[PDB]
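Note sheet for the following structure.
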Amino acid sequence: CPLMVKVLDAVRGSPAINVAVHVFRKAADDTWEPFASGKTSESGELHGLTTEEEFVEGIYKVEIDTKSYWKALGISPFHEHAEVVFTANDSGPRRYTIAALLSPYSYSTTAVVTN
Amino acid sequence: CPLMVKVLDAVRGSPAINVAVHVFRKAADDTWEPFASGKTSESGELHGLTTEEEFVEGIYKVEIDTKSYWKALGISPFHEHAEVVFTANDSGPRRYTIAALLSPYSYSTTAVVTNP
Amino acid sequence: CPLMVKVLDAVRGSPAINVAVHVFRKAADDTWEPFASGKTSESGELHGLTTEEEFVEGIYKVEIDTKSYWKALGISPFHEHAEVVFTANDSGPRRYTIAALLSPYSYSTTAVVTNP
Amino acid sequence: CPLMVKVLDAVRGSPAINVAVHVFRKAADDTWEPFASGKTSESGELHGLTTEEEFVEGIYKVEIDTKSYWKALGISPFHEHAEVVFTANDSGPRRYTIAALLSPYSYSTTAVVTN
Ligand SMILES: O=C(O)[C@H]1O[C@@H](Oc2ccc(/C=C/c3cc(O)cc(O)c3)cc2)[C@H](O)[C@@H](O)[C@@H]1O
Ligand SMILES: O=C(O)[C@H]1O[C@@H](Oc2ccc(/C=C/c3cc(O)cc(O)c3)cc2)[C@H](O)[C@@H](O)[C@@H]1O
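Here it is as structure tokens:
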């Protein structure tokens, strides 16, 4: 599992459950090609997006559908979505975790890249 | 000034100076049209991107060029850029400050929205 | 103004107004001595805590009373307060801005340190 | 395991390994009594701090020794330590995770409180 997404809710102090996440890979013509997607689990995690063989070097975009998440909780949010855009690089450690901490008018994101 | 961007550097404990910022607005055909651009000053602020007349309702994307920023500091960061995507002015004109706090493998961003 | 505190509310997208702040300094005997206090203004800023003469070298603790802030908004938050503990002025006088971004179960804090 | 601490490094994009963490419980006379301590593991986690029976309602302080962490990496940091102060409350969910994301002049912290 070379790419995992973890989403936390800073208002409720909980995992962010049932958040839609869409991953795209930048094509040669600079468009964003769908690559993988899913919804976070009860633990705020989304595993199984891709495989080692498919996850080649390149630029990827992880879009987290924060607007729908907040609206489902009856809360009015600022952003359309959170976006995390990065290069996958084979010289680095194997496993990428993209974490995001969500508030209605703010978000944090970090990368935890490990062997 | 209805759209302002402020950027801090969490490694140095300073404003993030000379950070390039590109703003786009979603057009009728659903593509991202260039809207305004600039770079942060010695205070880490970027003023003068747009005017109240030109900053109409729409979905805007503020791209903060964090990789170019870090690369000028000889650092090799994780993200390409920070993207901040939001609907603006859909309840009338507001003033928006997009703030960002940068680290090489992480960033935070928050919006301060005020009603003149 | 050599010590300034700025607080934002990540739920409302606004300055965090009326946030109480208490500053302490570690004394010779190793206890936390009260040093200054105040509350954030309508801009979320707190100025005038101290003076360059009184803000000598030492270890300071800036307590931001996030629970009292949230409780005045009828919200029940997680933390008691945010504590920011740092050595100041140990390479000569500097100006410090302690910034904080608040959510009910989370906060961020960063320092901007400048040399006059 | 009612109390767990997770620490991440935003400069390296990694768990923060071998960070000392000290937990205190506020005594009746308003002093901070040592309660538990340890060092984060290779995954940036510190488990086994306390037990359900010992972790009673009250105010706790988790001090994360960030200054020593940065200095061991040859980096000059701002804070003496990061401090997370909160009330444990039985009406809430059972398990408290205190997460912190560290930079030299900044840190983030959130609580993930679950069943
Ligand atoms: O990062 C790891 O190695 C593992 O960490 C496990 O637990 C947590 C628990 C809490 C966090 C918190 C992340 C976070 C991220 C931010 O952008 C800001 C912040 O204050 C905190 C991240 C991971 C996750 O449950 C695992 O799936 C993950 O693999
Ligand atoms: O840069 C300037 O010229 C002035 O900017 C003023 O306003 C802001 C407004 C917002 C921010 C935001 C800080 C912040 C801090 C975080 O921990 C995370 C995040 O996403 C943003 C910091 C300073 C400050 O209040 C002034 O002190 C400062 O001088």
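Chains G, P, B and Z are the protein sequences, given in the same order.
Just so you know, we're using UniProt numbering here: the first sequence kicks off at 30 and counts up by one.
Just so you know, we're using UniProt numbering here: the second sequence kicks off at 30 and counts up by one.
Just so you know, we're using UniProt numbering here: the third sequence kicks off at 30 and counts up by one.
Just so you know, we're using UniProt numbering here: the fourth sequence kicks off at 30 and counts up by one.
Each residue gets a CB set at the ideal place from its N, CA and C atoms; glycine is no exception.
Query	Result
Measuring from the CB of G:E74, is there a heavy atom of ligand 3 at a distance below 7 Å?	This structure does not include ligand 3; its bound ligands are ligand 1 and ligand 2.
How far does the beta strand (DSSP E) with P:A140 in it extend, from its first residue to its last?	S135 to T143
Determine, for P:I104, whether the minimum Cβ-Cβ distance to residues of chain G falls below 8 Å.	no
Only counting the same chain, and skipping five residues up and downstream in sequence, which positions put a Cβ closer than 7 Å to that of G:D119?	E86
Name the chain Z residues whose beta carbon is nearer than 8 Å to that of P:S132?	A39, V40, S132 and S135
Can you check whether the C-beta of P:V114 is within less than 8 Å of a C-beta belonging to chain G?	yes
Z:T80 and Z:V50: beta carbons closer than 8 Å?	no
Is the region 31 to 46 of chain P in contact with the region 121 to 138 of chain G, if contact means three or more CB pairs nearer than 8 Å?	no
Against chain B, does P:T95 count as a neighbour if the rule is that its beta carbon must be under 8 Å from one of theirs?	no
Out of P:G103, P:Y98, P:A57 and P:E83, which has the shortest C-alpha to C-alpha gap to P:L32?	P:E83
Z:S43 CB to nearest chain G CB: under 8 Å?	yes
Output the distance between the C-alpha atoms of B:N144 and G:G67, rounded to the nearest integer angstrom.	48 Å
If we ignore side chains and look at the alpha-carbon of each, how far apart do G:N47 and G:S137 end up?	19 Å
With C-beta atoms as the reference, is G:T95 less than 8 Å away from G:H108?	yes
Excluding the 5 residues preceding and the 5 following P:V91 in the sequence, name in chain order all residues of the same chain whose CB lies nearer than 6 Å to its CB.	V52, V113 and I127
Would you decide whether B:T60 is buried or exposed? Buried here means 16 or more other CB atoms lie within 10 Å of its CB.	exposed
How would you call P:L78, buried or exposed, if buried means at least 16 neighbouring beta carbons within 10 angstroms?	buried
Mind pulling the beta strand (DSSP E) runs of 3 or more residues that sit fully within the region 32 to 66 of chain P?	32 to 38 and 49 to 55
Along chain P, which residues have their Cβ under 8 Å away from the Cβ of B:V91?	Simply none; closest approach about 15 Å.
Would you tell me roughly how many angstroms separate the C-alpha atoms of P:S135 and G:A140, rounded to the nearest one?	6 Å
Is Z:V141 near ligand 1, with its Cβ less than 7 Å from a heavy atom?	yes
Looking only at its own chain, which residues have a Cβ that is under 6 Å from the Cβ of residue 2 of chain B, when we skip the five neighbours before and after it?	Nothing about residue 2 of chain B can be read from this structure; chain B reaches only from 30 to 145.
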